[PDB]
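Report on the structure given below.
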Amino acid sequence: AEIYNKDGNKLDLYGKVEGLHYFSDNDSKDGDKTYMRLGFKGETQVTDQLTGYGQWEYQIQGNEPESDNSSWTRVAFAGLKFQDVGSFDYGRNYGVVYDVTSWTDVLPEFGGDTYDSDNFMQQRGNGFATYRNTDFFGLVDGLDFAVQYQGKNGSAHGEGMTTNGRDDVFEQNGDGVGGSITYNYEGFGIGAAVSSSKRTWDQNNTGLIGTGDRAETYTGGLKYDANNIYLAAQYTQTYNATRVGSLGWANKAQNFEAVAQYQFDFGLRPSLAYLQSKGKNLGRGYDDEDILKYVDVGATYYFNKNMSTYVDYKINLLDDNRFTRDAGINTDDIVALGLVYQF
Amino acid sequence: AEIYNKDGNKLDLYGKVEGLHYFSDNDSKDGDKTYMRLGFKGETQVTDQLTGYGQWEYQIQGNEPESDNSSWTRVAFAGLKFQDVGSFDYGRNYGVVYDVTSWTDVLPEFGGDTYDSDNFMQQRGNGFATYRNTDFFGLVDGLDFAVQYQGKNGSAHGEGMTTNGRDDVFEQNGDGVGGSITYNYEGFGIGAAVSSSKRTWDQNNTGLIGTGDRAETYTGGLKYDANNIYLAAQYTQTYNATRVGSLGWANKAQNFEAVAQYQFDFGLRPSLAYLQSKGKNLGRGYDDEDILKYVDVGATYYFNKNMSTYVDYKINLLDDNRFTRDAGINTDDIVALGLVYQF
Amino acid sequence: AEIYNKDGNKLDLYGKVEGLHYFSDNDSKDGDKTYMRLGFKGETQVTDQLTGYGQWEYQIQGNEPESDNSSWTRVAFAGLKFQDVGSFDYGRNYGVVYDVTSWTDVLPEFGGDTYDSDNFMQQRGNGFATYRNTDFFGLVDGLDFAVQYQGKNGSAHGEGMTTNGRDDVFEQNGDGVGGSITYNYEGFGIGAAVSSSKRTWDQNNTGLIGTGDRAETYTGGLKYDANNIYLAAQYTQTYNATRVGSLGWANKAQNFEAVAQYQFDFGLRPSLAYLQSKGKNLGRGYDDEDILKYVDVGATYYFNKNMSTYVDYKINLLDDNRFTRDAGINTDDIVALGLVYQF
Ligand SMILES: CCCCCCCCOCCOCCOCCOCCO
Ligand SMILES: CCCCCCCC[S@@](=O)CCO
Ligand SMILES: CCCCCCCCCCCC
Ligand SMILES: CCCCCCCCCCCC
Ligand SMILES: CCCCCCCCCCCC
Ligand SMILES: CCCCCCCC
Ligand SMILES: CCCCCCCC
Ligand SMILES: CCCCCCCC
Ligand SMILES: CCCCCCCC
Ligand SMILES: CCCCCCC
Ligand SMILES: CCCCCCC
Ligand SMILES: CCCCCC
Ligand SMILES: CCCCCC
């Protein structure tokens, strides 16, 4: 909600509380998942063509006891935007790959999980320098593109250390570069994204699968978004980039997500989705295995802009086998039930 | 403070800073206790009869160094309210027992401590589904009641695991059910509450006192709140529910709290209170012991709605003996001195 | 930004996002330093002469992954202010020494580091009771002074325990007292501050250098702040007060900071600074050593009140030798590059 608009600056303080419960035969996925999100979005007019901006968003778990409660920053970035020239921002932000994979990340609770946070340039991550150009310098309506650099986020100790080092190898990265292009016309959308990040020494030298010099991704995507209908599909091919449970990464992974949704005038929005991550030549005697495979059925009822409720049903199609047990991957179904206040 | 009210939604961002110091011969109770509280309370009109709402409240300690600062979510819930029918909300919230025990929880700093947070359905806790009906379907002014279910919050590992598991056994619970009834007329209040929670395996199998299948509470309460006078008393009988320091819980505990307060026109509000928790047949050679016993004398001076100062004097009547030392219970007096800004 | 002003209370919710990157040959100083700051400042009119107030400020790192994100309270205090009589506030706040040392703490990113947080009464710390008088009871325009007491913040365990105890010996303190006087006339400023804190048992008995009964500081300072020119210098002499890396404190330290800045009408503000901390008779075979010594060159460009960008270049003049390696002191240069949105 816009709580300030005055003398060239405006500020939106926004947030939600999601009363959320998971039901599953997998006990680690069963029970209270209530949480809160909170952020600010600030925009200042410097000149008629130049705006300055910043955004910060935080998540705070509401399902924990008071002696041990966890929270985290999702995004935190500052930038400048010049008219018909583009924008630049730096901070914690979304990897440019997400400019396309985001098109299928629209389910009530599940979805968006053929990749992770702090997973190279695929989703949220630290130290993104992002240039964006919208409508191609004002010349081609609907043609957007982005160039992005992500600086090394290394270990907390020793060789490969950065000031913001983290010991979880799955959250590290070397220097990376990526780009995205998207074209939208009359509700139809086509898009493509590529990224290439150097892998750190720790990532290649702690005995995990899916090692090599570089983590790489190539994504194609399509969407239709008009007349109350939302259709979208993304295909992504990754190398040393896609996490395979606790085992490491996939030497090669083939990822696919498709979604269909409809919005009835009275407020109900049914949803049907399919997601799949296919691991190829994984190593360690595993060969080809599904990392992820599920169908998703759900519905959100929107009372108005500030209040909604939903059910999301993940029909988990993975078989319980050696690989999924070793990897620690959930092969059970989950139902999510939520009641959501936002401002 | 209401910082947004527009197009069917309103938002109260509220908070306080309590400059607070404790004085005690017990060194673990002596010194700086400064802290901050912050929250939001949001209400949306869906139709003329249906409102949606959410609330989040957070505490942030202000008495710690910057290298190691602790905070936590007190409440975080979403709900719906239909006129003359009732409300439902789910999240982290107050156990229905507190609908009555809260009547004596009005001291400047102390009080409210014959029970804990994350202590079955007695106070704040995770995963409360709460139905409430006010004025009995609009038929009986002042007659309110509540039915509440609390879902299992189990261990972080192994048998009895939940997705939000916690290893501190004192913060776990099984499935629980409770109810409350309250009648208020012309400043007089009568009320009752019952709860019954299943105990977890961990809680019954780590060698603590006060084990059994279920944690149970029965509470009766009375209050007078008018003509600048506040009188209140609550009696609660608990089984396997009341924490006894580090030792476990009380097989049976008899808890009593009484409070008298007066508000002078010029701003001073003196306070006198008595609290007692009597443990019965505790086990481990202890038999009957006082878990808590103190008299409380204090005064709050209210400069206005946003600024106040207070002294609270806990006259601790527990004797230093084997039980209190073993349990780690404070038997010393504490004086609290506070200066409080709120919005 | 002022987001509430109503019926005698006002509230400023303020904050910034600093997209920040460090470049250094020292890997522990190299990489993403993005962070967010957020606070509130609240003022209530009680009477025409008496205001109540509170302030809370929090920092949240934005350079960390989502599994492990760190934050902390910088200030958190409540107070009262009576006209021509002075103010009193209690909480976590700034030590009165900072009333003068702050005059050189104006660099874009570096500076302000001949002392620390939670470092006796030199900067931010817990449990400050501060009295302040501005314009000497309304009689001498520009004459301000402060008397401050800081209560013991002791260990988490055993002898010397406080309720807010901390095991990091560098963050502990005994009871302390301090004062400050400042005179400002027509852009010229002269000032002095003294503090004296008792040292804790832990601080004197864990085998560190720079032990003794008391940590003491004496500070003199000068500034010129007009006609777009900012000049400032502070000299501080400390005993058992100034931290020497991991080794302990300096038996005596001589600290000096000087700063020159200019603000061009079009927005650029160049900055040149010099900082030095000279350790005397340190013990452990070290004798006299520089604890800190660097020249600082930088520039901030202010797009407007809400948006700015800067480069800060710390030319580190310390030599890599036995002392700096043993102490763990950075002897390398750092360049900081920042883009800053604030409200
Ligand atoms: C192997 C081909 C290399 C391609 C050249 C590009 C270099 C790779 O990306 C560098 C990542 O580091 C960028 C760090 O960002 C610092 C920006 O700070 C912005 C603050 O406003
Ligand atoms: C705020 C104006 C300065 C930033 C513009 C830089 C990016 C524009 S364009 O080059 C995007 C493609 O890289
Ligand atoms: C309905 C009557 C209100 C309850 C009466 C008890 C008041 C407490 C007095 C004891 C003071 C410590
Ligand atoms: C509410 C008016 C005074 C009530 C005092 C009753 C005695 C309570 C103690 C019994 C616990 C076993
Ligand atoms: C000798 C100095 C010790 C300081 C004691 C601090 C007490 C201040 C408490 C006031 C709280 C509002
Ligand atoms: C050095 C900053 C400009 C980099 C060019 C952006 C397009 C790749
Ligand atoms: C926008 C530039 C990205 C380059 C990707 C490199 C593929 C090996
Ligand atoms: C040692 C005496 C405590 C200080 C009281 C402060 C209240 C103004
Ligand atoms: C190796 C750090 C030196 C960079 C200084 C650049 C000055 C703008
Ligand atoms: C045990 C299942 C309870 C579900 C109630 C709300 C769906
Ligand atoms: C910009 C001034 C540099 C002084 C360097 C001293 C070695
Ligand atoms: C519960 C009765 C306690 C008495 C001990 C002296
Ligand atoms: C400025 C020096 C003070 C003297 C006390 C040791």
Side-chain angles (χ1 to χ4, degrees), chain A residues 3-4 6-11 13 40 42-47 50-56 58-59 70-80 88-92 117-118 124-129 151-168 170-172, chain C residues 1-5 11-38 40 58-71 267 301-310 330 332 334 336-343:
Chain A
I3 64 159
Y4 188 80
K6 186 160 180 159
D7 296 326
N9 194 48
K10 70 197 195 191
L11 184 61
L13 176 62
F40 77 70
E43 176 168 316
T44 181
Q45 288 267 343
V46 183
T47 76
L50 184 62
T51 64
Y53 62 93
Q55 176 166 4
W56 175 69
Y58 204 58
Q59 179 157 326
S70 57
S71 59
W72 59 85
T73 295
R74 282 163 58 91
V75 302
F77 62 84
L80 302 165
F88 172 84
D89 46 65
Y90 179 78
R92 176 165 181 94
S117 308
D118 297 284
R124 293 185 294 280
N126 302 126
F128 288 122
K152 191 174 195 166
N153 295 308
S155 45
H157 305 284
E159 294 147 37
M161 178 167 40
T162 60
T163 187
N164 67 333
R166 52 286 234 121
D167 283 329
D168 186 347
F170 292 103
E171 297 172 334
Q172 285 176 18
Chain C
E2 183 174 275
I3 63 158
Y4 188 81
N5 190 332
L11 184 61
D12 181 345
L13 176 61
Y14 67 89
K16 69 177 187 184
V17 194
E18 189 143 329
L20 182 57
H21 195 91
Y22 276 24
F23 301 95
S24 188
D25 293 326
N26 182 341
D27 293 327
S28 65
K29 301 289 183 165
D30 192 73
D32 184 33
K33 289 283 287 161
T34 296
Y35 73 92
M36 188 271 315
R37 252 174 223 163
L38 174 57
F40 77 70
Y58 204 58
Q59 179 157 326
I60 308 187
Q61 282 309 111
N63 61 339
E64 285 165 324
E66 280 177 29
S67 68
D68 184 15
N69 179 195
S70 56
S71 60
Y301 181 77
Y302 291 98
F303 298 97
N304 64 10
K305 278 168 184 182
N306 297 108
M307 200 66 40
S308 55
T309 192
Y310 68 74
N330 172 52
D332 297 283
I334 316 175
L337 185 53
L339 190 62
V340 183
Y341 172 80
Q342 61 194 278
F343 62 95

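Labels below follow one simple rule: chain letters A, B, ... track the order of the sequence lines, proteins then strands, and each chain is numbered from 1.
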Completion exercise
Applying a strict 4.5 Å limit to non-hydrogen atoms, the region of A/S117 in contact with chain C is side chain

Handout entry: Side chains of A/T163 and C/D30, donor plus acceptor under 3.5 Å
Key = no

Exercise for the section: With a 4.5 angstrom heavy-atom cut-off, could you sort out which part of A/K6 is near chain C: side chain, backbone, both or neither? Expected result: neither

Problem - Max heavy-atom pair count under 4.5 Å with chain C, selected residue of A/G52, A/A156, A/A129, A/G165 - result: A/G52

Fill in the blank from the handout: Whatever's closer than 4.5 Å to a heavy atom in chain A on C/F303 counts as both

Practice task
Can you tell which part of A/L11 gets under 4.5 Å to a heavy atom of chain C, answering side chain, backbone, both or neither?
Solution key: side chain

Exercise for the section: Can you tell which part of A/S71 gets under 4.5 Å to a heavy atom of chain C, answering side chain, backbone, both or neither? Expected result: backbone

Exercise for the section: Calculate, to the nearest 0.5 Å, the distance between atoms CG and CG belonging to C/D68 and A/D168 respectively. Expected result: 9.5 Å

Exercise for the section: Tell me, for C/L20 versus chain A, whether the close heavy atoms (under 4.5 Å) come from the side chain, the backbone, both or neither. Expected result: backbone

Fill in the blank from the handout: Here the gap from A/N164 atom CG to C/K33 atom NZ, rounded to the nearest 0.5 Å, amounts to 9.0 Å

Practice task
Name the option with the most non-hydrogen atom pairs under 4.5 Å to chain A; the candidates are C/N26, C/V17, C/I3.
Solution key: C/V17

Handout entry: Check: A/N9/C/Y341 side-chain N/O donor and acceptor closer than 3.5 Å
Key = yes

Handout entry: Structural part of A/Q55 lying under 4.5 Å from a heavy atom of chain C
Key = backbone

Fill in the blank from the handout: Among A/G127, A/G42, A/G151, A/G8, the residue with the most heavy-atom pairs under 4.5 Å to chain C is A/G42

Handout entry: Proximity breakdown for A/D118 and chain C, heavy-atom pairs closer than 4.5 Å
Key = side chain

Handout entry: A/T162 OG1 to C/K29 NZ distance, which is reported to the nearest 0.5 Å
Key = 13.0 Å

Practice task
Name the region of A/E159, side chain, backbone, both or neither, that has any atom closer than 4.5 Å to a heavy atom of chain C.
Solution key: neither

Fill in the blank from the handout: Turns out that what part of C/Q61 lies under 4.5 Å from chain A's heavy atoms comes down to backbone

Fill in the blank from the handout: Rounded to the nearest 0.5 Å, the OH atom of A/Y58 sits from the CE atom of C/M36 at a distance of 7.5 Å

Exercise for the section: Please work out whether the ring planes of C/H21 and A/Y90 are parallel, tilted or perpendicular, with thresholds of 30° and 60°. Expected result: perpendicular

Exercise for the section: Let me know if A/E43 has heavy atoms under 4.5 Å from chain C in its side chain, its backbone, both or neither. Expected result: backbone

Practice task
Give a yes or no on whether a salt bridge exists between C/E64 and A/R166, defined as a side-chain N under 4.0 angstrom from a carboxylate O.
Solution key: no

Practice task
Would you mind checking which part of A/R74 comes under 4.5 Å of any heavy atom in chain C, side chain (CB onward), backbone (N, CA, C, O), both or neither?
Solution key: both

Exercise for the section: Any chance you could measure C/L38, atom CG, to A/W56, atom CH2, to the nearest 0.5 Å? Expected result: 6.0 Å

Handout entry: A/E171 CD to C/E66 CD distance, which is reported to the nearest 0.5 Å
Key = 8.5 Å

Problem - Which of A/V46, A/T44, A/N153 touches chain C most, by non-hydrogen pairs under 4.5 Å - result: A/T44

Problem - For chain A, the option from C/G62, C/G31, C/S70, C/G338 that forms the most heavy-atom pairs under 4.5 Å - result: C/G62

Problem - Check: C/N69 side chain, A/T73 main-chain N or O, donor-acceptor pair, under 3.5 Å - result: yes

Problem - Within the 6.0 Å centroid threshold, strictly below: A/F40 and C/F343 - result: yes

Practice task
Answer yes or no: is there a side-chain heavy-atom contact under 4.5 Å between C/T34 and A/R92?
Solution key: no

Completion exercise
Most contact-rich option vs chain A, by heavy-atom pairs under 4.5 angstrom, among C/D32, C/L339, C/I60, C/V340, is C/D32

